[PDB]
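>>> let's see this in three dimensions:
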Amino acid sequence: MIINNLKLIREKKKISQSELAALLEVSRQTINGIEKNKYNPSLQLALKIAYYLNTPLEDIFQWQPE
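Numbering: from 1, shown residues only. See below for the structure:
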């Protein structure tokens, strides 16, 4: 389904997971865990990630509407 790949998006600007996680208000381990296939971020949080990260939601988490 949804492909979690913030790190690519974040690392695009060389954004730190730690700072980003601070931006998200969530633990870094969890955020980097999601790419690894851990349960994707919540409805608002994904929106926040796009907002905090400043990137389309699709790039960070391509919904892949199956």
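>>> all helices for the chain, in order.
6-12, 17-24, 28-35, 43-53, 57-60 (DSSP state H).
>>> redo those helices as a markdown table? Include distance to residue 66 and mean neighbour count.
For the C-beta atoms, the positions are set from N, CA and C on the backbone; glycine is no exception. Below are these laid out as a markdown table (distance: least, CB to CB, whole Å; neighbours: other CB atoms under 10 Å):
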| stretch | distance to residue 66 | mean neighbour count |
| --- | --- | --- |
| helix 6-12 | 20 | 18 |
| helix 17-24 | 26 | 17 |
| helix 28-35 | 18 | 17 |
| helix 43-53 | 17 | 16 |
| helix 57-60 | 14 | 17 |
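>>> which ones are touching residue 18?
Residue 18 is in contact with residue 28, counting by CB atoms under 8 Å, 6 or more residues apart in numbering.
>>> which residue is the nearest non-sequential neighbour of residue 48?
residue 24 (5.9 Å; CB to CB, 6 or more residues apart in numbering).
>>> what residues are up against the one you found?
Applying CB under 8 Å, 6+ apart to residue 24 gives the contacts 31, 41, 45, 48, 49, 52.
>>> could you rerun that using 10 Å?
Counting by CB atoms under 10 Å, 6 or more residues apart in numbering, residue 24 makes contact with 6, 17, 30, 31, 41, 45, 46, 48, 49, 51, 52, 53.
>>> these two touch, right, the fifth one and residue 21?
No. The criterion here is CB atoms under 10 Å, and residue 41 misses it with residue 21 at 11.1 Å.
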